[PDB]
Ligand SMILES: Nc1nc2c(ncn2[C@@H]2O[C@H](COP(=O)(O)OP(=O)(O)O)[C@@H](O)[C@H]2O)c(=O)[nH]1
Ligand SMILES: [Zn+2]
Ligand SMILES: [Zn+2]
């Protein structure tokens, strides 16, 4: 029951999946939310894309690393206009300096 | 009350934090007991039909056993001791976050924090055993 | 089925309706005026909720939904000290 | 950054007031603006210089004050349309208040904390009752303010309009249900405070005027029905109004008032004209119109005091009907028709209690407590009726009855016989009367089957119990067991050490002497021919040692093989001209002084002068030829007779019942004083009834005779007189 | 002979007989019932033995007596319930 | 001064705690000693060449739990849980006395010697193997004693002192 996080530019998705699930099933589940055909869309592990044949177990993740407290982040890119675009993670805002509590 | 004790219970804790149990006698005054190290278990006896309360040793937080607040021993069945497992309750963010603030903030330095006025009273409201058992008398 | 949350910066978060329904403020916002559901119950905008704190709240919602009434062990929820005050303020505002 | 800020409160409230007014009365509001107003309320409650929760609450309270009065003027201005106008505004306000509570969710939490601190200080100081304690939620405050509109003189108008409009049951105007239900439900919907009674307002403002008005209306309606409708058609009118009342109250009234309105309806048309209904109570029961009797029961079920009246009337009809059939059957000398009459009355009336009375075990009690008196009549002094007739009924279905044969039907008829057996009270009389009659059957072996009567003891196994059937179980076992001893000697007679036939053709039915009711040894007698008893004496000595504890006493009461007290022929002659007592001679040692007339009369049918035969002479006999019948031949010389005749003899058996009844009178007390050492005058009475009502009837008339016996057999003086003195020690 | 024969023949003879224990023990003292039947007295001493034969056995006085009816006698009284006492 | 050892004799009432105590110090058997007397007795003895004073507390009275008796029991350095071999109930109660000693001393390792008294009687109901196994499960020595004949009375007390000494060198 690994919990993932799909982030594109500013959009963030909170979903859950099983290790027996596949990248094709993940694409199917994000299709119903993003209203985009799943053939073009592709996923990333911040280093290389994930093939459809490979299942969720063999690409890493696992329950120990992927927990509800600290879910893993999975990139996503669109492949519509015949040209790939660089992964724009766009990280969240930096937290402010900590108050007097630093001791 | 005074009754025979043909029963024994096992105190096994699953929570990461240290557990300090307090047991209610016939008088009703819970007393401190040696702390249970995390991820351990001890074989112990008990009065039949007497409440047990499990609390944190350090900051006195709430702990749940058998998905219940109170623990009542029962008569032994076919030579099998009864097992009690302690789990961390599902704290709310307001309650969970105050625990982080309370540990970090010196108890005489609340007023220097720049937060809302209402949260000052809640932050100063340290958990207390007499308060805890007051909300269990009803029903 | 899926609600939409928007932070002050502009980040967009999509979580399950049941996951987001554990907060009284969000429940009241969703169950307010007359409902048509064609373009309603979505894009819930929070004007003073930063992106990191909103993400932490979403992680709460997922953890609480998953770990409710569970007989297994309950690991503690980790809270960063630098985000503690803002997260506490957001929890107080949202009535978690 | 949710840190406290500075707010002028003179601009956010003005913007918020427009949104709040749109939320009320269900006006369109932008979805984006709805979410934005949540932050404005939060900002006001955390203002940096000082919290503005008090200012926000007071301003919101003022707005609801003016809005309610604005709607109040419009409703009061319009006349004849108050109900329709009130319903339209109430629905908009009811939904608007709920939405405002969600918007003011944050402010509600602050009120709860503030209220709890002051709620703990009310005992020490009221402070004007906590300065008119703020409502826990803003939505609850809105309902309170709408209540003041109800408190306004609109309450008098709304009640008057509602009562008049609901009073259209006379006609068929059919007022709209939605307006009625919405207005009535508003009385209870406004009150949702659980500290007080939620229905307290509704009962005081609407239930009390409605109940009084409903009762008065049906008081006039009940009177008008009597002047035209007869008692028979009055019931049909009652059923229709009661059925329509439930439908009418279902649509318009709150569920909590369903039973109360029906109870008031029943107490007016019924239990106020109960004298009129009771007048026809006797007529309908005597008549066969079962359809109208159903309407009697339905109305009278609700009223508690009405049922006892019809208990007695039904009992009287059963009592009179049973006596007429039983009394007309007298002098018919037929016992099998008595059981048929009782079962027919029970069979016909048990259907009536079911199909047109719907159970009512209380009414079923009337059948049981009335039919029991029919069985024991006792008024005519003839054949004692109930004890003897029941006893003389089972034998006809269990004896030979060659002419009357109904195979596979006696089992059914005997099972149906139990419907009258438990209604009798003199069960002791029946028990011993049946025992003596039963014992006469197996001895002569005229029962039609050996397994047929097995059902009888089984039928009495549970009705009478083991204590009653402890003796009766011994009748069956002996006859079955006696089939084992006779052939045991047959095997033993073939295994004699001396190997001598002895010329024995013998059979024995061993009795019990503890349960067999036949009398034994009325006199000495014990006269037995010598040439026959010698073989029988060998039987006695060679059988006793087999058990080694029993010495059977030989009797000749029911000897056969009937050939009772055989003359042994001899070779002497006498004279017999007329009557009897012709100087009887050569009489051996029998004790037959008073038994001459009973025994000598056996042969007068066959032989008189004792001068015939005596032709052939031989050492033993000639046996030349047989020709006509021989051996048992005619057999028609029996003198045991049927029913034993002798109208004096069975009187001792009934006296023996009284003697046995007297045994229990001084013996049932043993258990009474064994547990209750200290006795009270009322305690002894009915104590025997509580334990022996089924066995016999412990009437107080004969109880006075029992206590006389208790006076004797005691020597401890009874000093006190507070209770009964018949207790020993 | 008008209607008859020499006769003088012997046929089978059957009848009924009554058996007894031959020792009445004068109906004991208080039970005054048949010795075969269960005695009322056996509800107090509670000596469960020979349920078939409640009273017919050897007595305490080395003589034919009730098994338990006379057992209570030693506890309370001294007279002999067998001789010179009838009815009462 | 010379070394003192505070040892405590506990057990069920009637097992012989007083008889064993009197026999050790006064060298005679006293039967039916008053069961309600609880007192401390002292004797100077030599064990293994070392002279020491024994402070023997002979316990008695009703069961009672408070700070005063807990502190009074806490002073004990060694404990003698004595049972009667002809009293099965006394042997069954042995476990109950052991736990409380562990609570008041706040340790699982307390010098303690199991004593089976009344060995001279022929009505034994607890076999030797039963007591040896219980003592072995507790990691303690077991001694059979008879205050009437003084058999093993000195052995029981001397072993407990050795148990205290072996505890202190750890
Ligand atoms: N035979 C025998 N009897 C003993 C022995 N020790 C004690 N008793 C008996 O046990 C009884 C009570 O013993 P006591 O010392 O008063 O019990 P305690 O003080 O409560 O432990 C006395 O009457 C003794 O006769 C023993 O070693 N042998
Ligand atoms: Zn007797
Ligand atoms: Zn008996």
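Please note: Cβ atoms are built from the backbone with ideal geometry, for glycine as well, and neighbour counts cover all protein chains shown. Since every read-out is calculated from the coordinates, none of them should be taken as a lab result.
Sort chain F into rounded, prolate or oblate with this rule: let a ≥ b ≥ c be the square roots of the eigenvalues of the Cα gyration tensor; rounded if a/c is under 1.5, and if a/c is not under 1.5, prolate when a/b is larger than b/c, oblate otherwise.
Rounded, because the longest to shortest axis ratio a/c is under 1.5.
Would you please state which residues of segment E:1-44 a label at residue D:625 would reach in this model, taking the label point 7 Å out along Cα→Cβ and a backbone N cut-off of under 18 Å?
Within reach of a label on residue D:625: E:1-7.
Between residue B:3 and residue D:566, what is the label-point separation in nm under the 7 Å Cα-to-beta-carbon projection?
Going from the residue D:566 label point to the residue B:3 one covers 8.7 nm.
Please label the shape of segment D:498-652 as rounded, prolate or oblate, based on the square roots a ≥ b ≥ c of the eigenvalues of the alpha-carbon gyration tensor (a/c under 1.5 means rounded; beyond that, a/b larger than b/c means prolate, else oblate).
Numbers: a/c = 1.88, a/b = 1.17, b/c = 1.60.
Since a/c reaches 1.5 but b/c is at least a/b, the shape of segment D:498-652 is classed as oblate.
How far apart, in nm, are two points set 7 Å out from the Cα along the Cα-to-Cβ line at residue A:19 and at residue B:57?
Label at residue A:19, label at residue B:57, 3.5 nm between them.
Would you mind telling me the antiparallel percentage of the DSSP bridges in the protein assembly as shown, rounded to 5?
Working: 49 of 88 bridges.
Here the share of antiparallel DSSP bridges comes out near 55 percent.
Any idea what the alpha-carbon Rg over 2.2 N^0.38 Å comes to for chain D? Intermediate values should be presented prior to the final figure.
Details: Rg = 48.6 Å, N = 729, 2.2 N^0.38 = 26.9 Å.
The reported ratio for this selection is 1.81.
At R0 = 51 Å, how high is the FRET efficiency between residue D:422 and residue A:65 if r is their beta carbon distance? Nearest 0.05 is fine. List each step's numbers first, then the result.
Values: r = 85 Å, r/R0 = 1.67.
My answer for the efficiency is 0.05.
In whole angstrom, note down how far apart the Cα centers of segment D:227-264 and segment D:303-335 are.
The two parts, judged by their Cα centres, are 36 Å apart.
Subtracting the Cα-Cα distance from 0.36 nm times the residue separation, let me have the gained length for residue D:216 to residue D:477 in nm, one decimal. Intermediate values should be presented prior to the final figure.
On the way: separation 261, 0.36 × 261 = 93.96 nm, distance 7.67 nm.
86.3 nm is the gain from fully extending residue D:216 to residue D:477.
Indicate, rounded to the nearest 5 percent, the antiparallel portion of the DSSP beta bridges found entirely in chain F. If you can, show how the numbers build up before the last one.
Values: 10 of 30 bridges.
Counting only bridges with both partners in chain F, antiparallel ones make up about 35 percent.
Restricting to DSSP H runs of at least four residues, report the calculated mean residue ellipticity at 222 nm for chain D, -39500 (n - 2.57) per run over all residues, nearest 500 deg cm²/dmol. Intermediate results must be reported in sequence, preceding the final value.
Values: 30 runs with 417 residues, N = 729.
For chain D, the value works out to -18500 deg cm²/dmol.
Give the relative contact order (percent, whole number) for chain C; include only Cα pairs under 8 Å separated by 6+ residues. Could the numbers behind the result be given before it?
Details: 88 pairs, mean separation 34.5, N = 96.
Relative CO of chain C lands at 36 percent.
Between rounded, prolate and oblate, where does segment D:563-639 land on the alpha carbon gyration tensor, with a ≥ b ≥ c its root eigenvalues, rounded for a/c under 1.5, else prolate if a/b exceeds b/c? Don't jump to the answer; show the numbers that get you there.
On the way: a/c = 1.81, a/b = 1.46, b/c = 1.24.
Verdict is prolate for segment D:563-639.
Relative contact order for segment D:12-152 using alpha-carbon pairs under 8 Å, separation at least 6, rounded to a whole percent?
On the way: 88 pairs, mean separation 41.5, N = 141.
Once divided by the residue count of segment D:12-152, the mean separation gives 29 percent.
State, to one decimal in nm, how far the label point of residue D:664 lies from the label point of residue A:78, with both points 7 Å from Cα in the Cβ direction.
10.5 nm
Between C:20, C:84, C:37, find the one with the highest GNM mean-square fluctuation for chain C; connect C-alpha pairs within less than 10 Å.
Per the Cα network of chain C with a 10 Å cutoff, C:37 tops the list.
Run the numbers on segment D:388-547 and let me know its relative contact order in percent, using alpha-carbon pairs under 8 Å that are six or more apart.
Details: 69 pairs, mean separation 39.1, N = 160.
Across segment D:388-547, relative contact order equals 24 percent.
Using 1/(1 + (r/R0)^6) with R0 = 30 angstrom and r between the beta carbons of residue D:686 and residue E:37, what's the FRET efficiency to the nearest 0.05? Walk me through the numbers before you get to the answer.
On the way: r = 30 Å, r/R0 = 0.99.
The computed FRET efficiency comes out at 0.50.
Which three lengths, in whole Å and largest first, does the protein assembly as shown cover when its Cα atoms are put on their principal axes?
Principal axes ranked by extent give 156, 125, 85 Å for the Cα atoms.
Multiply the residue separation of residue D:497 and residue D:228 by 0.36 nm, subtract the distance between their alpha-carbon atoms, and state the gained length in nm to one decimal.
On the way: separation 269, 0.36 × 269 = 96.84 nm, distance 10.64 nm.
That pair, residue D:497 and residue D:228, stretches by 86.2 nm at full extension.
Against the 2.2 N^0.38 Å scaling, with N counting residues, where does segment D:264-414 land? I'd like the Cα-based Rg ratio to two decimal places. Write down the numbers at each step before the final one.
Values: Rg = 19.9 Å, N = 151, 2.2 N^0.38 = 14.8 Å.
The value comes to 1.34.
Go ahead and run the numbers for FRET between residue F:26 and residue F:51, Cβ-Cβ distance against an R0 of 25 Å, rounding to 0.05.
Details: r = 19 Å, r/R0 = 0.77.
In this case the efficiency is close to 0.85.
Distance between the C-alpha centers of segment D:389-464 and segment D:479-507? Whole Å please.
If we compute the Cα centre of each part, the gap is 33 Å.
Which value does Rg/Rh take for segment A:2-80 over its C-alpha atoms, Rh per Kirkwood?
On the way: Rg = 11.7 Å, Rh = 12.7 Å.
That ratio is 0.92, to two decimals.
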